[PDB]
Amino acid sequence: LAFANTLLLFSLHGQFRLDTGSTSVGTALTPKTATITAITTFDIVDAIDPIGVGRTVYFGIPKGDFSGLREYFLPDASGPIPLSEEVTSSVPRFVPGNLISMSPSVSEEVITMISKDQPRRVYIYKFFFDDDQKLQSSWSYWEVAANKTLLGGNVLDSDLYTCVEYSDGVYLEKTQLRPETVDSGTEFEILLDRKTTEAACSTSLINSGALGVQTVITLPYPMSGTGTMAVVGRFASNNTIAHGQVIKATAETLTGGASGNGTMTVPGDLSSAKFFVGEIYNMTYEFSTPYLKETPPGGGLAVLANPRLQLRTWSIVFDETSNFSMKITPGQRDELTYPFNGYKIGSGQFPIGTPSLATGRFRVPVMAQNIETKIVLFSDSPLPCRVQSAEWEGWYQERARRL
Amino acid sequence: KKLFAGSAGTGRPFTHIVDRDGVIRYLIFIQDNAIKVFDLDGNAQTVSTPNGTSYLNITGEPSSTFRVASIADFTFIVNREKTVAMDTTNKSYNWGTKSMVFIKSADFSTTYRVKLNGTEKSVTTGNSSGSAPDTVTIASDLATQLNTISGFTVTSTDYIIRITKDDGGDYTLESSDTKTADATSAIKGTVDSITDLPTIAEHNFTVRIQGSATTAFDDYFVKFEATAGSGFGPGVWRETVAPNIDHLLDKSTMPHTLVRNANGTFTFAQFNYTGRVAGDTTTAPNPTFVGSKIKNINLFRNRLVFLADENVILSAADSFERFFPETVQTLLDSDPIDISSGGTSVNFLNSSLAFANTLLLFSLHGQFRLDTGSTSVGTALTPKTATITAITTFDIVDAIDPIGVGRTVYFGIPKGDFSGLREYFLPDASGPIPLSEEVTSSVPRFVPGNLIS
Amino acid sequence: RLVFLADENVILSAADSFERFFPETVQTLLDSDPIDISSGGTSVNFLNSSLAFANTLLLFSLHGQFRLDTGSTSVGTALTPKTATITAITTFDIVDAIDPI
């Protein structure tokens, strides 16, 4: 790799550099001056190449069956030994083995990993820098429907280009990683997989001129009948279907249209409406056990474990969200749900017929003990949802005094 | 004040301002085949165009197509779309199908043989008992002997026999005497060493010297010019360019200049570049910008800097109009430099900046610096020392030119339809990797795309 | 040596001979011959004032600052025609009425 002011070379058990060696970076390279010198003795995997992101280098390290990611930072060419740090120490069993794709994104600070033992998942690592210190370093992974098979991924500018395989061919999909992305002409984005506009699909209608017509839609690509599709009105005016209205099929055929394309049937006449079409994917966020932290005498933070702490109410703070749900399960009892959809009856901020994006707070009771709860933030609508923070109130009982 | 009536055209005009000495200032206005100049009070200054403005014809945006660089008495203008090309019509000198026979000395009882086109004519001199032989008489006899050959023109003067073929075709030449084969020299095409050159010759005569790769010098050529200035006469042999080879640059495509005079009027005319002066096509290859668009221009360390493709081309030392090597026998540190930028990804250089203690070079996906590399900032720039090294892998927008404010460097980055701004701080040249930061992270949809100023 | 300022060029006299400004011989360049450099840059920079401070020679223009040096960590390296140069540093602003101190 050509980076910093040197030519780094990597072996299976060590890292070396090639240089004339002088503080003179552009010294003449001659047969009596070209040498190789060791630097450190870390590890590396040969499946994928190390990459250079920003000012730091990244590469993957082996951890047996599962693989880990280690970055290390190189100061000045004539300067000290480079600094190194492992960022997967807290997740020893997360990233599978046999990696096949690793792509960076400098402007959006995202590193994307695709494995082979899991052909339906994309692993996302998010980092954030300030001068030298590190503020954010998080892990998570996306998912697709139950019939696709990822092959490999690349990144250009700030978009991820993927080459997936369906039951009949290999397609190309484009994904936008930029923040605050918005659909053209409107205020918020509509979330659907395989999202292709109406202009790419042709329609026909059955039993025209009568009440209760149905429209037969011919998608450009063959269906994957295991998943569930939907039709959503797109454009913000002068349309038969209201903005953000969702319609579900009544009779879907996996294939049988022209050229083997899939077909769908919906009520009403949509021969001149504007709408999207695609699949639906779920999001899940499971909170952890809430505890308390206080500064010990030596400095730092310690987590209290002994005192009784019974959670009472759980609240979250959202902004510009339409719909989501909360799923709370106490210890060995029935699961409870608490949905929310933004339409506050009585308030006239959202008239009938327009999508709702609210701003406020929500509160539900949990009624259990901190060590025997599971809190899940669940949402499946094709409308946006984003959450800022949360706050809980509980009963704190101490059976003695604290030193 | 109002500048001029009418509109400025569909494209956005390209504007620059020059501050010379604090009392002289003027605006530069270039758009759509036209170029105009104003002062800070809106009083237009006349501009003369001796060669026309065909160089300024354009199809894209002038703001993102034109680029300027000012030095002393000139202000270079660069068209980022024109494809430069070597001139092929007004070629260099021709060889000429002429040759001479040189007679060095004479000795008693020696027969000279001259072979021309496979036939041999012989002249025999007298022994010691006869008169002293002389090169003049021997050459006269030989010349009148070969003059009988049809299709060839044979003439003699002094000790030189001049041979020329009427149809201009080639022929063989070889002569030898019967003692040592040294007193005769068949000067034809190329010869062994310059030591065999006769004292007198014709001006503009071209001969080739076979160099010795054992000494790590390739071939070269030598040309003649009479001391009298014309005709035949003594003169000098100097290292010259090989004949019958294109050696001129088409000035009608290469960057032009804008000059101000002492009376206030300006002039927009071509620049007088020089062409290949020594060597041949292989030993003095065409500079890498030939056959490809020129991207930007800058001045650094009393040399002219051109950017083209992945290569950076530097002019000769203290001579801004020379781009071909001066001599081909040995390297000189005043010769132009040709450099390619390393990397596993394709990088087309767009903009350059002189700042900190280095010359930064920007690509579409990375950053580079050109330097001797030493902590010795002012080390000599030589062909074995100029280099390009990577620094980082950030992003760059090509519409505008990155600028330098105070001690920091600023440029714009692409955020999709909207555009952002990123600045990065460079400590000492020999020190660590420069620190970088983004300042538009809180406003991802604020600045519109297609920046122009 | 003697230093003059004119246009964009810095002029250095012959070594240890303040009254000589032309090259002594034309056959081979000697290190005692006068030196002339141009301040490179994409903007016109007429030099006005100079100052000898720290371990360098600071030259100021109307819109920037430059330094003349061999550039080496070797402060007392010989000044030769093959080595002299001008390198920019920053781009602050200067008034020409008075000399920086």
# chains A, B, ... in the order shown; residues from 1 in each chain; ligands from 1
>>> closest_atom_pairs(of="chain B", to="chain C", cutoff="8 Å", atoms="only C-alpha atoms", output="tab-separated table")
residue	atom	partner	partner_atom	distance
B:18	CA	C:44	CA	7.7
B:19	CA	C:44	CA	7.2
B:20	CA	C:44	CA	6.2
B:21	CA	C:46	CA	6.9
B:69	CA	C:42	CA	5.3
B:70	CA	C:43	CA	5.7
B:71	CA	C:44	CA	5.9
B:72	CA	C:44	CA	6.6
B:298	CA	C:42	CA	5.9
B:299	CA	C:40	CA	5.5
B:300	CA	C:40	CA	4.9
B:301	CA	C:40	CA	5.7
B:302	CA	C:38	CA	5.8
B:354	CA	C:41	CA	6.6
B:355	CA	C:88	CA	6.0
B:356	CA	C:89	CA	5.0
B:357	CA	C:87	CA	6.3
B:374	CA	C:72	CA	7.8
B:375	CA	C:72	CA	5.8
B:376	CA	C:72	CA	3.4
B:377	CA	C:71	CA	3.9
B:378	CA	C:71	CA	4.6
B:379	CA	C:83	CA	5.9
B:380	CA	C:83	CA	5.4
B:404	CA	C:91	CA	7.5
B:405	CA	C:91	CA	6.9
B:406	CA	C:91	CA	5.6
B:407	CA	C:90	CA	5.9
>>> write_last_selection(atoms="N, CA and C atoms", output="compact mmCIF listing (two decimals), in the first residue's frame")
# COMPACT_ATOMS: atom_id res chain seq x y z
N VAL B 18 -6.10 41.33 -10.67
CA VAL B 18 -4.65 41.36 -10.53
C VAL B 18 -4.26 42.62 -9.77
N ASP B 19 -3.46 42.45 -8.72
CA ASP B 19 -2.96 43.56 -7.91
C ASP B 19 -1.44 43.60 -8.07
N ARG B 20 -0.94 44.58 -8.82
CA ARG B 20 0.47 44.60 -9.18
C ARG B 20 1.33 45.29 -8.13
N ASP B 21 1.06 46.57 -7.86
CA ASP B 21 1.95 47.34 -6.99
C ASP B 21 1.19 48.21 -5.99
N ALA B 69 -2.43 32.18 -14.66
CA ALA B 69 -1.25 32.22 -13.81
C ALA B 69 -0.42 33.43 -14.22
N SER B 70 -0.10 34.29 -13.26
CA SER B 70 0.50 35.59 -13.53
C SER B 70 1.96 35.60 -13.09
N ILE B 71 2.82 36.15 -13.95
CA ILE B 71 4.24 36.30 -13.62
C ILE B 71 4.80 37.54 -14.30
N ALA B 72 5.23 38.52 -13.50
CA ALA B 72 5.96 39.69 -13.98
C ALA B 72 5.28 40.37 -15.16
N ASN B 298 1.35 26.53 -13.33
CA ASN B 298 1.85 27.17 -12.12
C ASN B 298 3.35 27.37 -12.25
N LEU B 299 3.90 28.22 -11.39
CA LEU B 299 5.33 28.51 -11.38
C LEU B 299 5.92 28.13 -10.03
N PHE B 300 7.05 27.43 -10.06
CA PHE B 300 7.67 26.95 -8.83
C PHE B 300 9.17 26.80 -9.03
N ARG B 301 9.94 27.49 -8.20
CA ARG B 301 11.40 27.38 -8.17
C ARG B 301 12.00 27.70 -9.54
N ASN B 302 11.73 28.92 -9.99
CA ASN B 302 12.17 29.46 -11.28
C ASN B 302 12.05 28.45 -12.41
N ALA B 354 1.11 26.25 -4.04
CA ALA B 354 2.39 26.46 -3.39
C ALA B 354 2.13 27.03 -2.00
N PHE B 355 2.47 26.25 -0.97
CA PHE B 355 2.14 26.62 0.39
C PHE B 355 3.04 25.84 1.34
N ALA B 356 3.00 26.23 2.61
CA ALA B 356 3.82 25.61 3.67
C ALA B 356 5.27 25.65 3.20
N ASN B 357 5.92 24.53 2.94
CA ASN B 357 7.26 24.50 2.37
C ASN B 357 7.33 23.51 1.21
N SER B 374 13.99 16.38 1.21
CA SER B 374 14.92 16.59 2.31
C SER B 374 14.36 17.58 3.31
N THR B 375 14.84 17.47 4.55
CA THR B 375 14.71 18.58 5.48
C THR B 375 15.41 19.82 4.94
N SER B 376 16.35 19.63 4.02
CA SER B 376 16.92 20.71 3.23
C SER B 376 15.89 21.18 2.21
N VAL B 377 15.18 22.26 2.53
CA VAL B 377 14.06 22.71 1.70
C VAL B 377 14.54 23.08 0.30
N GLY B 378 15.66 23.78 0.20
CA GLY B 378 16.13 24.26 -1.08
C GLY B 378 17.16 23.38 -1.75
N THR B 379 17.01 22.07 -1.62
CA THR B 379 17.92 21.15 -2.29
C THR B 379 17.75 21.24 -3.80
N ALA B 380 18.82 20.93 -4.52
CA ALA B 380 18.79 21.01 -5.98
C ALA B 380 17.78 20.03 -6.55
N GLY B 404 -5.70 29.13 -0.24
CA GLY B 404 -4.96 29.14 1.01
C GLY B 404 -5.25 30.37 1.84
N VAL B 405 -5.74 30.16 3.06
CA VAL B 405 -6.10 31.24 3.97
C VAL B 405 -5.20 31.15 5.19
N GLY B 406 -4.47 32.22 5.47
CA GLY B 406 -3.61 32.26 6.64
C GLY B 406 -2.59 31.15 6.66
N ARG B 407 -2.76 30.20 7.57
CA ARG B 407 -1.90 29.03 7.67
C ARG B 407 -2.61 27.74 7.27
>>> residues_around(residues="region 107-117 of chain B", least_positions_apart="6", cutoff="9 Å", atoms="only C-alpha atoms", output="VMD selection string")
chain B and resid 123 to 134 138 142 146 170 to 179 181 183 to 184 186
>>> interface_residues(of="chain B", to="chain A", cutoff="8 Å", atoms="only C-alpha atoms", output="PyMOL selection string")
chain B and resi 343-344+371-376+384-395+414-416+430-433+435-437+444-445
>>> atom_distance(atom1="CA of residue 355 (chain A)", atom2="CA of residue 233 (chain A)")
10.7 Å
>>> residues_around(residues="residue 260 (chain B)", least_positions_apart="4", cutoff="9 Å", atoms="only C-alpha atoms", output="ChimeraX atom specification")
/B:73-74,264-267
>>> write_last_selection(atoms="N, CA and C atoms", output="PDB file, in the first residue's frame")
ATOM      1  N   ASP B  73       5.757  40.084 -16.364  1.00  0.00           N
ATOM      2  CA  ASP B  73       5.301  40.750 -17.575  1.00  0.00           C
ATOM      3  C   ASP B  73       4.297  39.928 -18.370  1.00  0.00           C
ATOM      4  N   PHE B  74       3.843  38.795 -17.846  1.00  0.00           N
ATOM      5  CA  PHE B  74       2.933  37.929 -18.576  1.00  0.00           C
ATOM      6  C   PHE B  74       1.858  37.402 -17.640  1.00  0.00           C
ATOM      7  N   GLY B 264      -0.407  51.636 -21.525  1.00  0.00           N
ATOM      8  CA  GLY B 264      -1.677  51.225 -20.969  1.00  0.00           C
ATOM      9  C   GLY B 264      -2.467  50.246 -21.812  1.00  0.00           C
ATOM     10  N   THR B 265      -2.151  50.112 -23.094  1.00  0.00           N
ATOM     11  CA  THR B 265      -2.867  49.172 -23.943  1.00  0.00           C
ATOM     12  C   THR B 265      -2.343  47.758 -23.735  1.00  0.00           C
ATOM     13  N   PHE B 266      -3.242  46.789 -23.861  1.00  0.00           N
ATOM     14  CA  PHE B 266      -2.920  45.385 -23.669  1.00  0.00           C
ATOM     15  C   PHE B 266      -2.839  44.672 -25.012  1.00  0.00           C
ATOM     16  N   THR B 267      -2.200  43.505 -25.001  1.00  0.00           N
ATOM     17  CA  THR B 267      -2.028  42.699 -26.204  1.00  0.00           C
ATOM     18  C   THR B 267      -2.192  41.231 -25.848  1.00  0.00           C
TER      19      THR B 267
END
>>> residues_around(residues="residue 191 (chain B)", least_positions_apart="4", cutoff="10 Å", atoms="only C-alpha atoms", output="PyMOL selection string")
chain B and resi 185-187+195-197+207-211
>>> select_by_dssp(residues="region 130-372 of chain B", states="strand (DSSP E or B)", output="short mmCIF file (atom, residue, chain, number, x, y, z; two decimals) with N, CA and C atoms, in the first residue's frame")
data_model
loop_
_atom_site.label_atom_id
_atom_site.label_comp_id
_atom_site.auth_asym_id
_atom_site.auth_seq_id
_atom_site.Cartn_x
_atom_site.Cartn_y
_atom_site.Cartn_z
N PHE B 152 25.54 10.25 -61.53
CA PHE B 152 26.23 10.79 -60.37
C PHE B 152 26.92 12.09 -60.76
N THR B 153 26.92 13.04 -59.83
CA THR B 153 27.62 14.31 -60.01
C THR B 153 28.86 14.30 -59.11
N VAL B 154 30.04 14.36 -59.73
CA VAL B 154 31.30 14.30 -59.01
C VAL B 154 32.06 15.60 -59.25
N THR B 155 32.43 16.28 -58.17
CA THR B 155 33.19 17.52 -58.24
C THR B 155 34.27 17.50 -57.17
N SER B 156 35.34 18.27 -57.42
CA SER B 156 36.48 18.32 -56.52
C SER B 156 36.89 19.76 -56.26
N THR B 157 37.35 20.01 -55.03
CA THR B 157 37.99 21.26 -54.67
C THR B 157 38.93 20.98 -53.51
N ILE B 160 38.87 17.70 -51.34
CA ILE B 160 37.52 17.21 -51.10
C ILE B 160 36.89 16.86 -52.44
N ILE B 161 36.32 15.66 -52.53
CA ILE B 161 35.59 15.21 -53.70
C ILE B 161 34.12 15.17 -53.33
N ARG B 162 33.32 15.99 -54.01
CA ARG B 162 31.90 16.11 -53.72
C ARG B 162 31.10 15.23 -54.67
N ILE B 163 30.24 14.38 -54.11
CA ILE B 163 29.46 13.42 -54.88
C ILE B 163 27.98 13.66 -54.59
N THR B 164 27.18 13.72 -55.65
CA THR B 164 25.74 13.94 -55.53
C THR B 164 25.03 13.15 -56.62
N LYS B 165 23.96 12.46 -56.24
CA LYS B 165 23.17 11.70 -57.20
C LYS B 165 22.01 12.53 -57.72
N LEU B 173 29.43 3.85 -50.48
CA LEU B 173 30.69 4.57 -50.62
C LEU B 173 31.75 3.89 -49.77
N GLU B 174 32.92 3.67 -50.36
CA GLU B 174 34.04 3.06 -49.64
C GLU B 174 35.30 3.30 -50.44
N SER B 175 36.34 3.82 -49.79
CA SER B 175 37.62 4.07 -50.43
C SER B 175 38.74 3.58 -49.53
N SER B 176 39.86 3.22 -50.15
CA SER B 176 41.00 2.72 -49.40
C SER B 176 42.25 2.81 -50.25
N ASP B 177 43.38 3.05 -49.60
CA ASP B 177 44.69 3.05 -50.23
C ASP B 177 45.38 1.72 -49.97
N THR B 184 42.46 8.25 -46.51
CA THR B 184 41.18 8.54 -47.13
C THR B 184 40.05 8.39 -46.11
N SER B 185 39.01 9.20 -46.27
CA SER B 185 37.85 9.17 -45.39
C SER B 185 36.60 9.30 -46.24
N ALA B 186 35.83 8.22 -46.33
CA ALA B 186 34.58 8.21 -47.09
C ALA B 186 33.48 8.74 -46.18
N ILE B 187 33.22 10.04 -46.27
CA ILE B 187 32.22 10.69 -45.43
C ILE B 187 30.85 10.43 -46.05
N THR B 190 26.57 8.41 -41.65
CA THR B 190 27.16 8.45 -40.32
C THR B 190 28.59 7.93 -40.36
N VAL B 191 29.39 8.38 -39.40
CA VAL B 191 30.79 8.00 -39.26
C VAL B 191 31.04 7.59 -37.82
N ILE B 200 37.23 21.93 -43.25
CA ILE B 200 36.31 22.73 -44.05
C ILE B 200 35.11 21.88 -44.44
N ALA B 201 33.96 22.53 -44.57
CA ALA B 201 32.73 21.86 -44.94
C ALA B 201 31.73 22.90 -45.43
N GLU B 202 30.56 22.43 -45.84
CA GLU B 202 29.48 23.32 -46.23
C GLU B 202 28.60 23.62 -45.02
N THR B 206 24.77 18.12 -42.40
CA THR B 206 24.37 17.27 -41.29
C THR B 206 25.09 15.93 -41.38
N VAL B 207 25.78 15.56 -40.30
CA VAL B 207 26.44 14.27 -40.17
C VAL B 207 26.06 13.68 -38.83
N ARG B 208 26.09 12.35 -38.75
CA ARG B 208 25.77 11.63 -37.53
C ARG B 208 27.03 10.98 -36.97
N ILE B 209 27.16 11.00 -35.65
CA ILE B 209 28.28 10.37 -34.95
C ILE B 209 27.74 9.17 -34.18
N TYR B 220 24.41 10.94 -31.41
CA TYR B 220 24.05 12.35 -31.56
C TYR B 220 24.46 12.79 -32.96
N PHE B 221 24.17 14.05 -33.27
CA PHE B 221 24.40 14.60 -34.59
C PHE B 221 25.19 15.90 -34.48
N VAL B 222 25.83 16.29 -35.57
CA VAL B 222 26.62 17.51 -35.63
C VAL B 222 26.28 18.26 -36.92
N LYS B 223 26.14 19.57 -36.82
CA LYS B 223 25.82 20.43 -37.95
C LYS B 223 26.92 21.46 -38.16
N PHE B 224 26.97 22.00 -39.38
CA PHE B 224 28.02 22.91 -39.80
C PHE B 224 27.46 24.27 -40.15
N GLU B 225 28.28 25.30 -39.94
CA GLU B 225 27.97 26.66 -40.35
C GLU B 225 29.27 27.36 -40.69
N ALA B 226 29.37 27.90 -41.91
CA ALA B 226 30.60 28.54 -42.34
C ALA B 226 30.86 29.81 -41.55
N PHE B 232 30.64 28.06 -48.77
CA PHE B 232 31.67 27.15 -48.30
C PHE B 232 32.76 27.91 -47.56
N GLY B 233 33.26 27.31 -46.48
CA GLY B 233 34.31 27.90 -45.70
C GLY B 233 34.44 27.25 -44.34
N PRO B 234 35.55 27.51 -43.65
CA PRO B 234 35.74 26.95 -42.30
C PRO B 234 34.61 27.33 -41.35
N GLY B 235 34.38 26.51 -40.33
CA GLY B 235 33.29 26.76 -39.42
C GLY B 235 33.34 25.82 -38.24
N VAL B 236 32.22 25.73 -37.54
CA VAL B 236 32.13 24.94 -36.32
C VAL B 236 31.16 23.78 -36.53
N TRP B 237 31.42 22.69 -35.81
CA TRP B 237 30.51 21.55 -35.73
C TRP B 237 29.92 21.53 -34.32
N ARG B 238 28.60 21.61 -34.22
CA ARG B 238 27.91 21.69 -32.94
C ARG B 238 26.85 20.60 -32.86
N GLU B 239 26.56 20.15 -31.64
CA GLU B 239 25.53 19.15 -31.43
C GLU B 239 24.18 19.68 -31.89
N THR B 240 23.56 18.99 -32.84
CA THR B 240 22.34 19.45 -33.48
C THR B 240 21.25 18.39 -33.38
N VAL B 241 20.06 18.76 -33.87
CA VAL B 241 18.95 17.82 -33.93
C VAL B 241 19.04 16.99 -35.20
N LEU B 249 6.38 22.89 -32.09
CA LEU B 249 5.11 22.80 -31.37
C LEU B 249 4.11 23.76 -32.01
N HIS B 256 -1.55 30.75 -24.33
CA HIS B 256 -1.26 32.09 -24.81
C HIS B 256 -0.93 33.00 -23.62
N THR B 257 -0.55 34.24 -23.93
CA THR B 257 -0.17 35.21 -22.92
C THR B 257 -0.92 36.52 -23.14
N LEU B 258 -1.04 37.29 -22.06
CA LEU B 258 -1.63 38.62 -22.10
C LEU B 258 -0.63 39.61 -21.52
N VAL B 259 -0.25 40.61 -22.31
CA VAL B 259 0.83 41.53 -21.98
C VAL B 259 0.28 42.94 -21.90
N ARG B 260 0.73 43.69 -20.89
CA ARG B 260 0.44 45.11 -20.80
C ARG B 260 1.67 45.91 -21.21
N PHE B 266 -3.24 46.79 -23.86
CA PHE B 266 -2.92 45.38 -23.67
C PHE B 266 -2.84 44.67 -25.01
N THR B 267 -2.20 43.50 -25.00
CA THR B 267 -2.03 42.70 -26.20
C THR B 267 -2.19 41.23 -25.85
N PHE B 268 -2.95 40.51 -26.66
CA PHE B 268 -3.23 39.09 -26.45
C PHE B 268 -2.70 38.33 -27.66
N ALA B 269 -1.49 37.78 -27.54
CA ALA B 269 -0.82 37.12 -28.65
C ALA B 269 -0.20 35.82 -28.18
N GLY B 279 19.21 15.53 -30.47
CA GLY B 279 18.75 14.16 -30.40
C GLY B 279 17.74 13.84 -31.50
N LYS B 293 -4.91 16.73 -23.07
CA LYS B 293 -5.30 18.06 -22.65
C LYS B 293 -4.42 18.56 -21.51
N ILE B 294 -4.20 19.87 -21.48
CA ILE B 294 -3.48 20.52 -20.40
C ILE B 294 -4.47 20.94 -19.33
N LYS B 295 -4.17 20.63 -18.07
CA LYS B 295 -5.12 20.83 -16.98
C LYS B 295 -4.89 22.12 -16.20
N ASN B 296 -3.64 22.45 -15.88
CA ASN B 296 -3.38 23.64 -15.08
C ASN B 296 -1.93 24.06 -15.26
N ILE B 297 -1.62 25.28 -14.83
CA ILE B 297 -0.30 25.87 -14.98
C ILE B 297 0.07 26.60 -13.69
N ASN B 298 1.35 26.53 -13.33
CA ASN B 298 1.85 27.17 -12.12
C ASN B 298 3.35 27.37 -12.25
N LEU B 299 3.90 28.22 -11.39
CA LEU B 299 5.33 28.51 -11.38
C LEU B 299 5.92 28.13 -10.03
N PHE B 300 7.05 27.43 -10.06
CA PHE B 300 7.67 26.95 -8.83
C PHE B 300 9.17 26.80 -9.03
N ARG B 303 10.99 27.64 -12.38
CA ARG B 303 10.66 26.73 -13.47
C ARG B 303 9.17 26.80 -13.72
N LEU B 304 8.78 26.51 -14.95
CA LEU B 304 7.37 26.49 -15.34
C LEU B 304 6.81 25.09 -15.10
N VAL B 305 5.62 25.02 -14.51
CA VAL B 305 5.00 23.76 -14.14
C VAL B 305 3.74 23.58 -14.97
N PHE B 306 3.65 22.46 -15.67
CA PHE B 306 2.46 22.07 -16.42
C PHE B 306 1.91 20.77 -15.84
N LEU B 307 0.59 20.65 -15.83
CA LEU B 307 -0.08 19.42 -15.41
C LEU B 307 -0.78 18.81 -16.61
N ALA B 308 -0.68 17.49 -16.75
CA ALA B 308 -1.29 16.80 -17.88
C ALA B 308 -1.42 15.33 -17.54
N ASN B 311 0.93 12.90 -15.42
CA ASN B 311 2.29 13.40 -15.42
C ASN B 311 2.33 14.88 -15.04
N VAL B 312 3.43 15.28 -14.43
CA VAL B 312 3.73 16.69 -14.19
C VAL B 312 5.00 17.04 -14.94
N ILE B 313 4.93 18.10 -15.75
CA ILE B 313 6.03 18.48 -16.63
C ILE B 313 6.59 19.81 -16.14
N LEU B 314 7.91 19.84 -15.94
CA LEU B 314 8.61 21.05 -15.53
C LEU B 314 9.48 21.54 -16.67
N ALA B 316 12.70 23.93 -18.35
CA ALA B 316 14.11 24.03 -18.05
C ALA B 316 14.36 25.13 -17.02
N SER B 319 14.58 29.24 -17.91
CA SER B 319 14.24 29.42 -19.32
C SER B 319 12.84 28.84 -19.52
N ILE B 337 12.03 18.08 -16.54
CA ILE B 337 11.75 16.91 -15.72
C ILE B 337 10.41 16.33 -16.15
N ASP B 338 10.36 15.00 -16.25
CA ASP B 338 9.14 14.28 -16.60
C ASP B 338 8.90 13.27 -15.49
N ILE B 339 7.72 13.31 -14.88
CA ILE B 339 7.42 12.53 -13.69
C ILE B 339 6.02 11.94 -13.81
N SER B 340 5.86 10.71 -13.34
CA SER B 340 4.55 10.09 -13.19
C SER B 340 4.26 9.89 -11.71
N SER B 351 -5.39 20.34 -9.81
CA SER B 351 -4.99 21.63 -9.28
C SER B 351 -3.74 21.48 -8.43
N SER B 352 -2.97 22.56 -8.34
CA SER B 352 -1.74 22.59 -7.57
C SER B 352 -1.70 23.88 -6.76
N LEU B 353 -0.92 23.86 -5.68
CA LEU B 353 -0.84 25.00 -4.78
C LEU B 353 0.54 25.04 -4.14
N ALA B 354 1.11 26.25 -4.04
CA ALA B 354 2.39 26.46 -3.39
C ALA B 354 2.13 27.03 -2.00
N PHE B 355 2.47 26.25 -0.97
CA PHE B 355 2.14 26.62 0.39
C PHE B 355 3.04 25.84 1.34
N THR B 358 6.20 23.24 0.57
CA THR B 358 6.14 22.21 -0.46
C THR B 358 5.21 22.68 -1.57
N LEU B 359 5.12 21.88 -2.62
CA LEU B 359 4.20 22.11 -3.73
C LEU B 359 3.16 21.00 -3.70
N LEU B 360 1.98 21.31 -3.19
CA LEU B 360 0.91 20.32 -3.06
C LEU B 360 0.23 20.10 -4.40
N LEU B 361 -0.10 18.84 -4.68
CA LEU B 361 -0.81 18.48 -5.90
C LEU B 361 -2.08 17.72 -5.53
N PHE B 362 -3.20 18.13 -6.12
CA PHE B 362 -4.50 17.58 -5.80
C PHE B 362 -5.03 16.74 -6.95
N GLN B 367 -4.27 13.26 -2.43
CA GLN B 367 -3.38 14.41 -2.32
C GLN B 367 -1.94 13.94 -2.47
N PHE B 368 -1.11 14.79 -3.08
CA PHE B 368 0.28 14.46 -3.32
C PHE B 368 1.13 15.70 -3.11
N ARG B 369 2.42 15.47 -2.87
CA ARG B 369 3.39 16.55 -2.76
C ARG B 369 4.62 16.22 -3.59
N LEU B 370 5.16 17.24 -4.26
CA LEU B 370 6.38 17.10 -5.04
C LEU B 370 7.51 17.80 -4.31
N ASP B 371 8.62 17.09 -4.13
CA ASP B 371 9.74 17.67 -3.40
C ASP B 371 10.97 16.80 -3.60
#
>>> residues_around(residues="residue 22 (chain C)", least_positions_apart="2", cutoff="9 Å", atoms="only C-alpha atoms", output="count of residues only")
7
